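Here you get one chain, nothing else, as structure tokens; it is the form deposited in one PDB entry.
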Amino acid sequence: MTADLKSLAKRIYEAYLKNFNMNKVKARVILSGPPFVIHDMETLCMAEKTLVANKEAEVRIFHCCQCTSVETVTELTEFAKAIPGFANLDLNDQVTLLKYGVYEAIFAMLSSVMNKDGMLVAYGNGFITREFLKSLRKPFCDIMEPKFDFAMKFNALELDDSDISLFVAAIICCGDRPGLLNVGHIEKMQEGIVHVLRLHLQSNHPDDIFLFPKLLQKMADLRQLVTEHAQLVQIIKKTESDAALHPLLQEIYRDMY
């Protein structure tokens, strides 16, 4: 890798460590063994009563997840400035790339805090079990299990934060998002990031030279995961009278898929 490329990879990496609340190194430290375990209705309510000393438990959970989304949206917007060319793009194209990319990035990064038994929540202070989420009443029990299925395979790739930062940058740089005005410049931006991702993976993972095509397929998987998630969110929005959607997230979903 040329010093410029090698340096650009570090640039991306440092912006990822700087802007994102959680990262894989820290998550693994906490998960290695002290997070309060949410494994049933009793422990969920105990955990809630920590913050609010009426709505169904499923709906409370539905709204906590949204707060994590809003926060990650803000962090991703700042992260994106480190991508060579992004800040030089038309303002509307920036909005378009982030609108379509944020949820793909969200589910990619949530894998870092997930293992086969559950996931870290509430800024590392809670661990909610996979089985508890499966026990929620339909259709809320169908929200997270596809995310766990994705994460277990994604985590099997054994990426580190230096790979993931580039992967997330690559996600944001997809030149085939609908409504992009300056498609040609975005494709050049994408080609540059994917170029850095490709070379970095070869350097960082000599034991798996097929990691790059595996990750391209995970990008396609994430796109389908997001489409299906948005559909389930919409169904919960229309049915379920107590389920509200944060206005920033509504605008993300609006006219998306």
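Heads up: residue numbers just count along the shown sequence, starting at 1.
There is another form of the same protein, the form deposited with a partner chain bound; it is not shown, and what comes next is about it.
* Asked: Using 4.5 Å between non-hydrogen atoms, is residue 86 touching its partner chain in the deposited bound form?
  -> Answer yes; at least one heavy atom of residue 86 falls within 4.5 Å of its partner chain in the deposited bound form.
* How about residue 98: is it within 4.5 Å of its partner chain in the deposited bound form, going by heavy atoms? -> Taking the distances in the deposited bound form, the answer for residue 98 is yes, it comes within 4.5 Å of its partner chain.
* To do: Determine whether any heavy atom of residue 251 comes within 4.5 Å of a heavy atom of its partner chain in the deposited bound form, and answer yes or no.
  => Residue-level check for residue 251: yes, a contact with its partner chain.
* To do: Although its partner chain is absent from this view, report whether residue 92 comes within 4.5 Å of it in the deposited bound form, heavy atoms only.
  => Residue-level check for residue 92: yes, a contact with its partner chain.
* Joint contact, 146, 231 and 235 to its partner chain in the deposited bound form, by non-hydrogen atom at 4.5 Å -> Negative, none of the three is within 4.5 Å.
* May I ask you to choose, among 78, 131, 158, 187, the residue with a heavy atom within 4.5 Å of its partner chain in the deposited bound form? => It is 78.
* Listed residue (73, 151, 136, 113) with a non-hydrogen atom within 4.5 angstroms of its partner chain in the deposited bound form -> That would be 73.
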